[PDB]
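Trainee:
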Amino acid sequence: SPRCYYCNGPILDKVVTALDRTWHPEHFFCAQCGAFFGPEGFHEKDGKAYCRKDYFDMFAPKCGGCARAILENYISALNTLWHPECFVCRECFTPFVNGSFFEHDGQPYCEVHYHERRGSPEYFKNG
Ligand SMILES: [Zn+2]
Ligand SMILES: [Zn+2]
Ligand SMILES: [Zn+2]
Ligand SMILES: [Zn+2]
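In our numbering, the protein residues as written are 545 to 671.
#1: Using a strict less-than 6 Å threshold between each residue's beta carbon and the heavy atoms of ligand 3, what residues do you get?
#2: Under 8 Å between the Cβ atoms of residue 610 and residue 595?
#3: Hey, which unbroken runs of the alpha helix (DSSP H) at 4 residues or more fall wholly within the region 572-652?
#4: Does ligand 4 have a heavy atom nearer than 7 Å to the CB of residue 659?
#5: Ordered along the chain, which non-local residues of its own chain (more than five positions away) have a Cβ less than 8 Å from that of residue 623?
#6: Cβ atoms of residue 657 and residue 636: under 8 Å apart, would you say?
#7: Buried or exposed: which applies to residue 665, given that a residue is buried once 16 or more other Cβ atoms fall within 10 Å of its Cβ?
#8: Starting from residue 547, follow its DSSP beta bridges and name the residues at the other end.
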């Protein structure tokens, strides 16, 4: 049976396969972002485990789904790096110089637009 070398102990529950070796679930964590739940097909580097996103980070910042190479200015949000201008609501489409990054429905939003969305459950007079 498989044995967790990280704690030199036996493995009863689900065993994770890495570097042709067996490791425990609680003893197995991404050494890059350290926060996995249940991905599929990860890349190995230097005997380490990196998420799909971490793999790209090692090379360069890329938009989740806009472009490849990101200019100088960049913004790290949702564990992913996206362009500075890409950070805009699908309605305003314009950036709102403020500072912190706002996340909404897995997409970038403005400070006023972000709070305005949480203001009401469905809609309201303002907006
Ligand atoms: Zn272990
Ligand atoms: Zn990771
Ligand atoms: Zn982008
Ligand atoms: Zn906006």
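Yeah, the Cβ is synthetic: ideal placement off N, Cα and C, and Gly gets one too.
Mentor: Considering the structure as presented:
#1: 607, 610, 611, 626, 627 and 630
#2: no
#3: You should have 596-603.
#4: no
#5: 577, 579 and 597
#6: yes
#7: Exposed, by the Cβ-count rule.
#8: 554
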